[PDB]
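To begin, one chain is listed below as structure tokens, in the form deposited in one PDB entry.
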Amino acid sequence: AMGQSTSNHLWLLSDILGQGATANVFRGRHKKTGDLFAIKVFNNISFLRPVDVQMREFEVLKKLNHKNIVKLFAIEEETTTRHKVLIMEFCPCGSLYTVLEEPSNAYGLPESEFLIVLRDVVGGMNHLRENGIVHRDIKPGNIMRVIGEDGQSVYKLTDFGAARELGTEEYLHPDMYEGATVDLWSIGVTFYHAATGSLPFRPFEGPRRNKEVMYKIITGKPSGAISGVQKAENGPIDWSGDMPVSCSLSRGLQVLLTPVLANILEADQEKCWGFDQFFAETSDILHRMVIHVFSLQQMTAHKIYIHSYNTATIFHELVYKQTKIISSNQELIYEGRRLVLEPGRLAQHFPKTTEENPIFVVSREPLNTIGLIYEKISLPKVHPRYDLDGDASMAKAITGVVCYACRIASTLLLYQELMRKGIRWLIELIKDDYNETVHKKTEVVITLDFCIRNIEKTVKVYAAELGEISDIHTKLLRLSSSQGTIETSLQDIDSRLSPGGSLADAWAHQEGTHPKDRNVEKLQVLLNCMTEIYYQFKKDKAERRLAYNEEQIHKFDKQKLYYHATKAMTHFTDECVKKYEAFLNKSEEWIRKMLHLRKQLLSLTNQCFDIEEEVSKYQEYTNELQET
């Protein structure tokens, strides 16, 4: 139907993307080439119209080019309305706000995707700072996303510099709600929003006429608390200076992210960081590499963030901070074999590690099995009301919960599959410790056999001599007798290491769940049914009203949305969770029996060294008698 146009570009008023106060962004094309661009047709531009100041201004933003900033190609004039149009690069993937709309990110972005957001935001914001222009309005809605040539997302900035001639209410600064601190505030609110999937400070009702509580929360700013939420109407505020349990981020990352957000979120410029302090600590986090470590003792996977130039001493220290294992007790296993790490080895030369192929950690000291620690979340109540707005928010909520449960279910299967490997390697690795003890026993056996034979031969060939021989003959029997006790007790350990020897890993190949069950795929099917319904309810909300036929379809599917969710949740707790807790219960059992056998094998091996020094004082005794 009706559609605006320009000398070089044209678009339809239907194709609408963003609706701002001063302008509107449409999907447009170039009349000649046909490439897609973003058209910013300015609305209500008369009482200003500074064709002198804005001329050089937009020419300055024109040549401004960066990978983390939306490029402004040209400033043209509309054909009819003569409105000045900005031609920008079209960002096919929407904004960060669109990503947070996704239920998969209802409880926070994936850790990898979160690192992309943090890096691009800092790089773009730092590029704007070097030019002096201040933003203050940074929000996931004005942070666009594109797909780079390598497939990884790339985030860019755009809606800035409009405060010359003229923050979002949830991203406003306490003193600015009614200095460069106003910048970092919205940034921290944004970063918390990408990690948690929710806003830092939330009243019970929300941002409305009852948002009076909010201003008290923001002005409260207690200590280095990063969030504060009241769970009841006009009730107390639940404060916390740490991340929620539902956060999809790894524990190692939260330790580094918590201080950053705590120092940039407060009204006082006294303790608040500057752009240099912020850029210093943030870029420090980005430069670090990833170390994947699975602690068999606790059945917990860990991601330790270390710089590439650091040594293995700082590595053991950070591992202690997360696993609570003494640096001298941390023992590493990789690809079926143990790996010895020098205290001064750089992180650049570490082996290749992934979350599905990490470095296992075994400890001499007993440690409790913790397992995965996640937030148990149930389904919300589904009201029969036809409210399109309510059915849309209810769709995002109920689907995000199932996304989390499926995310946890995917993590539970990983822990079990990693456990089965870490055990299969350990039993074969401790078996190698048994193979070397046999070698050290044969050294004492060969030493025993020949040394005693010479002294038992010396009596057959060639009061005084008899007294010496007897004392020696007894001593040789003191050790050969204990040599027979160890010889048979090791066959008992070998009987334990043998299949069916009460230490086998057969239990682990039975109790838990396996990728053969396809429990994660089963949950993803129902989750797709719900996700399709969610994006459909968004489409019905945009229309504000539906026809009669569309009205009852919306109600039928809304009833199937509940049935899909319950069917998955039941399959999640009655199959995945229960079979995991049974695999974790029998996991403690085998740990006790393994550490017990490892303590026995230790002593029996050290006893071979205890008798190794005793046979060196006798083989060199009579055989080395002195005479002219």
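Rigid core: the largest C-alpha set superposing within 1.5 Å between the two forms. We number the residues from 1 along the sequence you see.
The same protein has a further form, the form deposited in another entry, not shown here; the description that follows concerns it.
- Looking at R208, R544, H439, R337 after a core superposition between the shown form and the other one, you find that only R208 has a C-alpha shift of 2 Å or more.
- After superposing the rigid core, the Cα of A23 is displaced by 2 Å or more between the shown form and the other one.
- In comparison with the shown form, the Cα-Cα distance of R209 and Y107 decreases by at least 3 angstroms in the other entry.
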